[PDB]
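Think of it as A, B, C, D, E and F in the order they're written, each chain with its own count starting at 1.
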Amino acid sequence: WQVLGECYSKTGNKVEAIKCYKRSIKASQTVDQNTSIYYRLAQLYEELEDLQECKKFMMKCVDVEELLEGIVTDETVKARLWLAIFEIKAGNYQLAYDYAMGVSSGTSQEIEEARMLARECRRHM
Amino acid sequence: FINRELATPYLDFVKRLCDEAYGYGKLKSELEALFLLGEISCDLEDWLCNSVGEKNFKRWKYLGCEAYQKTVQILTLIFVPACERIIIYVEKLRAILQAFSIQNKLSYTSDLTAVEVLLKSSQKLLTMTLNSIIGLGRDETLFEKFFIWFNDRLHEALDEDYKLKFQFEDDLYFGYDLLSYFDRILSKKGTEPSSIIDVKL
Amino acid sequence: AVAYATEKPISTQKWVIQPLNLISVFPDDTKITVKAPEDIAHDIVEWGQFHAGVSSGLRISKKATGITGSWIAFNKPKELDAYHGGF
Amino acid sequence: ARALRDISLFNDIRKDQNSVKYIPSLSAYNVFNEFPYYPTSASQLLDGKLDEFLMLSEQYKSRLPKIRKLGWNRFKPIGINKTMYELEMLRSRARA
Amino acid sequence: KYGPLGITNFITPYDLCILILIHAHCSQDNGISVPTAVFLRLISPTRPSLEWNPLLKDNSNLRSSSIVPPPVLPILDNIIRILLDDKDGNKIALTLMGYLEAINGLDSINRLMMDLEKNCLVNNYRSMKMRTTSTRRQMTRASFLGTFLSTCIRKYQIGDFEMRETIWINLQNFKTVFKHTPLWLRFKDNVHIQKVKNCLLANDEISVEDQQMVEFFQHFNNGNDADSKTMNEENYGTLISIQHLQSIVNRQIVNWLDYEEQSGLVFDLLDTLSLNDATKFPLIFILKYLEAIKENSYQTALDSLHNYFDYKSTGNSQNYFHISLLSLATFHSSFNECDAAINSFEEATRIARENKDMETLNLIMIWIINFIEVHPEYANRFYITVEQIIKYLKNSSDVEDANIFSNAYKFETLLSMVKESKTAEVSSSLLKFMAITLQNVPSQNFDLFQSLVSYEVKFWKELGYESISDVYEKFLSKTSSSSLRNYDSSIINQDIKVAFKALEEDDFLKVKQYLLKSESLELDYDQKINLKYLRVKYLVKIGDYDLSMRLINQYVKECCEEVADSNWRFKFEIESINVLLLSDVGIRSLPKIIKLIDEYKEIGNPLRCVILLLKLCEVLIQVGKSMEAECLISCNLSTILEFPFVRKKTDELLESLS
Amino acid sequence: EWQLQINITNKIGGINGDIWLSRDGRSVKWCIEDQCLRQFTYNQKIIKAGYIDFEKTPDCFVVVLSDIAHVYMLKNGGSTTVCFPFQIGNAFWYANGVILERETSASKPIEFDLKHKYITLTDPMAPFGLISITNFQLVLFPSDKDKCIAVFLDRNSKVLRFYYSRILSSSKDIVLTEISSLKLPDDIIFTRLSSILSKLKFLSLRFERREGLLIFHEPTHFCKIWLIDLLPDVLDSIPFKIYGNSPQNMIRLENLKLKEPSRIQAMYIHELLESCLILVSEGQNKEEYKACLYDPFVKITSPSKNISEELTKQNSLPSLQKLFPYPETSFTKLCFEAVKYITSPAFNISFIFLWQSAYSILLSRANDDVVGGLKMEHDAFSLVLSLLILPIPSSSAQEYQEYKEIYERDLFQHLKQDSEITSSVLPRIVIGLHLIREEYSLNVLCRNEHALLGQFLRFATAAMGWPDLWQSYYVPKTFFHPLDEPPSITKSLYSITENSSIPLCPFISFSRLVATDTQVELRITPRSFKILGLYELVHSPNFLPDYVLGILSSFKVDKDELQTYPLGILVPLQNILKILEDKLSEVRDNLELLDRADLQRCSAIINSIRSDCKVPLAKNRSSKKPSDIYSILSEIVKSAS
């Protein structure tokens, strides 16, 4: 099912690819394996320009990191950075500050992006 | 023009080179034996070397190619534009006479069957010229396939070391086109000057 | 600067870059041809080739579509030189 | 495929106006040696398709003298410390 | 004559049949010379390679200038029927019959093979004239039969004993099949076999002792059925090489596309392949693909299409992925998918760039507008406008094009005709397309020649000269249609012309029932407008005009935005004039007609000018001012009789004026 | 041989297409009439063929195998395929999905499951859903979205269960609650599941808010109809659904009022006529079959006595469907709709019956005189109302002989015996038809049939003895008439106008005598309403030419509708727009009613930017010597290089 979603995504059929990934999620036996699908599924919603809808899937992909005793994987690093950026636009600086600190153990560009975001929200905190 | 300049000079060259030197009926049977088995008799090898030779072979190709490729040009660039223009004029010719048969309302009338006969006859021509142009199209295909093989036999008879460049394996029905050319060029109907096109008609 | 957004690409169509001519013609019409590197500094000629290539590349309009990563590779001269670098 | 030049008309005007890498197929790979078969000439490649009869003809032609060529080089009998390759070499020099 | 079918790289039993005849012809002891027509029908299919792309190219060179007989199946029943036809053919046929009875063993087969190589076949003609002491005819390698016999000889030394053993099992299986046929009963005994059989059976070196056990060795292997037969592996009934099978399938699909053939035998035999012959011979898959389209099967057609492009791509050393997409793109356009074909075609351009080969791009561009020609409504969706291609193809090159320019100018003529350009340019553009098409062979390029007639009959019909159109109409082919446009399009097109005739003959019941089919059919755009235009004319006849008027203006409005078709804009426009003036209110049309009069005066199309004159005259006579209408019609009476289809309206108006 | 299918698709009214099955369940052909469209072959047994929608507004044809379904998109897209948890016995279409029944038994042991055998799917991609039932093979389900009744029969009990199923979307997708039950006759004996369902036949009917279920059994000649009235208060009541209590008045079971109800061959639903009318086929001999029409809700039946022998087969259904006539033109359709809106359904359905009989007799009488067209239906319409208004002549009269075949018909006799309907309904029909004529007077393109109505209406006035004012209204120069003066748009229009000599006068439209909202009045006489509202707004003392563009936009006035007016109304408004062609340069929306392209193009450009849409570039129409052939050919070869 996941491969079908990639084929639909690469052929410009985003409307169909959403239902394809959703079917794949149910078939997965363990919640851990849904980390990769959640982040990609959220990007397609951003391509469909409904930012409110993609928030719910963004919550789940970040929350699997907590359920896995801090897995700290790559595809959740981009999740926290994107989630923190939107939260700045929402005006909730306190709710965005903890996201930057939790992702302070990623790649070289990942840490600096959250570090500068941390300083910005800290000043307005 | 084509009958005097394109058709007749090509056929006379064929007749003098084949009938006056070797003969028609014997040549057709021998060439098929050459095509199928490669049996070249002592007399036929003389025909290839002395009668045809290299000098007439290039002339044979040059005469033949202009006999077909120039013939199709005069049918398409001349006859078709002219026959369309005849049709447009007779149609305008018919319209003018019909109008004055009503506009004057003169008691005496001129019959239009003379125009109608010319209309169908000219229409018959345009259908008939297009059949020839398609027909000469097939002739060019049969023409070229004949000499590309005839080049191979001629030089082999004169070189005894010729390396055969063309291969029969290129085409699957190559034999049928090669044989069909013989019947068109060597037959009682072919002997007539109207072999290339039906000039009399 | 003379040609900013004049020519449009066809994507399928292959681009061409005119090589530097650098041959002078006098009113006496006794043509004299410059050759490198005896006549001029060697670096100058392909530096001019690089400048011409930049002009040729800039000639494409800004709003032109279909210029993806494959298109430049399709137009690669199979032998790297100053013209393609400018392009 | 007249190329616009085999037409006598346009050929006349032009004169006046003047004034492949190979990749193996599945059948090419054989079972005994992992080196795939490489065609010797483009004639064996029929319009990009490898002729199974033609490739199997060269294979038979190659293996045929190989049986005859067995005794050459390495093979050495007892009581003669020199192989038969240079038996014919010195034989060639004997008459010449 | 049916049996399991299998590809064989060895001497098929059919191959020996030619080898039998050529032995009789060369031996010259019996004085029987096989007719040249018999040979050219037997060896010629075996000659190697023809090739045939699935689509994107139709009968470019496969067509023969001279009509050829169908290739012969490898059954003794079919072979004999060729020779048997002649009054003296029984003597030729019995010679083949006698030899097949003489060769009773594997050693006998080797005797024929040994005989030809040592004596008959000759390396070159230079040794021919020195061999005047030969009592048998000799043959050169390069000859028609010489190159065949060399391959047949090569196919005999290429095999081990297991190869020679399969030859003799199958031949006796092949021979005994003919034994249980009515034809054998008619030739059960003719005494010419006994004479010719004893001619070669002589010098057997033994007749008393070994011949007693020679029969035993043969009989025990054969199925005497006295006891249980010796158990052996299943053996194929017929053996065919790849090349011979190619000739049979190529002839079958060409005959299917547009001396009697055996459709039942060929189709039945081809269905018994061992699934590995299909891999060595991918074209069996497309033979199902053509049949699947005939019955309009969607799922079945796609599976066979995909199968053909998986085996062919691997066999072809050249990259063929960029060709696979277009054929699937063509198939989607064949089923009126349209939009799905666009996405498939887009990936074809990208794959072509990766190959970095120029020759394939011209094929891609040619397929572009051909899809546009069928569906002009999609011209905006493409990444290249139609005018861009024509500018490229006109100055593409001066050599190695041949047919590109013939295609290029034909598309300019359509664009110019639709653009309602001055008839000066249209005639010149059509002259270019006509001149190049007829210069090369029009017979081989049957597709473009039909397109020329379709355009010219359309071009002269718009001018109003049916006399010219009639002559070219006799050359337009029916039911041939073209690729990438359905398969029942020909049936629909013939049905539309019937409906128009029914409308003229006031068969309102027939046209009404057809319009019901219109709303639920999948139709091409050109077919769409005609039925779209047919519905308007039918509604005018009935009398209801409120619906028609609301309907016609919608058509023309979308006939100027969706497709910039000017010719269909005019024909719809005059219908709006007719419905108005018929309702005793034609004055509203005066601004519209005059705008078209001076506009078409500059164009110069005489039909367009005259038809507007009649509508103008019809308007003037319903106002109460028939006096000047008579004066105007009298001056122009000379130039309006030249058009036949307006004569009926012209003549009817004359009696009204009286 | 190929077999046709009766009901395949839910298209809230019907769809033009046919489905053919082979002698075995292995081939499906979507032929239209005689052209074989998409054909699918399968190794397994085919259960059913679809073409249904899947709640996402698709148009997809679905075929269900034993355990695999194929969904081929026809309108747009490719093909999809789905699986199922277990084997499927049969498949039934319902609004936006399919209901699948499990395979009961196979081998001969007979064992089956009962806990859950029904699967609901909306679109192929989404996961399946489970049905819900609250206080048993599904013989029929309400495929049409409009109808909402499902019928359930359990084998051993031999009783029926009638539910009110409602569709739930975004797992429980469908819910059923029992209302009533029916006991099958003892003589009915059923024994291969589809064969058992084959003998019993069920059909779904609904008119307005009443719906009836038609239960038929040919071997035992059992035929009954269950009727229910969908009262919006009753259905929405919470106790009604969960508890299942139903008032006894709404439930009723009755037979058919036919002459020989025990001798019915088969019946079908009239696809052409959307109402409750049902085709009925009856036979008196092995070589002749008589067809008649009957309405379930209203007891009116149509005795037609149409003979059709070879048409009784299922494969000949469309011909039987096309046997009975309905007005297929565009003129009498509005007349019938006006009659429906102004007359009772009982009088309405009998009127179609009489008109169809009158259409048939005239077709037999008229021996293809010249053409046959709109005059055909108008003559039938004119005479039917004439016979209904003219007193029946004596049996010896010549007019009696020519129209005798309509005289003895039972419906006509009842339709003349009823004194109340002939007293008051007939003036309403005449007034309505006068208004349709008056509406036609505003469309200049259909003046022809406008005139024909005048002839009949003049005859109607002569029949009823109406005041001479009405009769003289048609000439250039015993029921009671409600209106003493004829209503006209034109007289009222001149009334509401500056410098109007005539005093103020209202149009007194029929929106009040129809006792229904203005929405139903709008779809009948749109031109009259548009013009009345138009000249009510422009003639205001505070009117400026700028608001006219907004007024026409709000009144759905386009270019085509503007050009169809019998002078008068057209002239000033066109001049008003001519004024707007000069001073309007600011792009003020709704530009399409003008003829200036640049303002429209700028508005389209601006509307795109606000939305973030067609920047149609103008092709330069450039325009001379024709030269000769050689110059052209030399030109192309020169440009070739």
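Some points to look at:
The working rule: a contact is a pair of C-beta atoms (placed from the backbone, for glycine too) under 8 Å apart; a residue touches a chain by one contact, two chains touch by 3 or more.
Most remote chain with respect to subunit C, judged by CA-atom centres, is F. Using the average of C-alpha coordinates as each chain's centre, A ends up farthest from subunit B. Just to note, of D-F and D-E, the chains joined by more C-beta pairs in contact are D-E. Averaged C-alpha coordinates put the centre of subunit E at 47 Å from the centre of subunit F.
Annotation: 61 Å between the Cα-based centres of subunit A and subunit D.
Per-chain CA centroids place subunit B at a distance of 54 Å from subunit C.
With touch defined as above, subunit C holds no residue shared between interfaces to two or more other chains. Touching of two or more other chains is recorded for residues 4, 7, 9-10, 14 of subunit D. Residue numbers of subunit B whose C-beta contacts span two or more other chains: 73, 77. Partner subunit F is touched in their complex by these residues of subunit E: 295-300, 335, 337, 339-340, 394-398, 405, 409, 419, 422, 424, 427-428, 431-432, 435, 488, 491, 506, 508, 512, 516-517, 519-522, 541-547, 549-550, 553, 561, 564, 579-580, 583-585, 588, 602. On the subunit B side of its complex with subunit D, the touching residues are 65-66, 69-70, 73. Residues 32, 34-40, 42, 72-73, 76-77, 80, 84, 87-88, 91-92, 94-96, 98-100, 102-103, 119, 123, 126-127, 130, 133-134, 137-138, 140-142, 152, 156-157, 160, 164, 168-169, 171-177, 179-180 of subunit B are the ones touching subunit E in the complex. Subunit E makes touch with subunit C in their complex at residues 349-350, 353-354, 356, 358, 361, 364-365, 383-384, 388, 392. If you check the complex, the residues on subunit C that touch subunit E are 10-14, 65-66, 70-71, 73-74.
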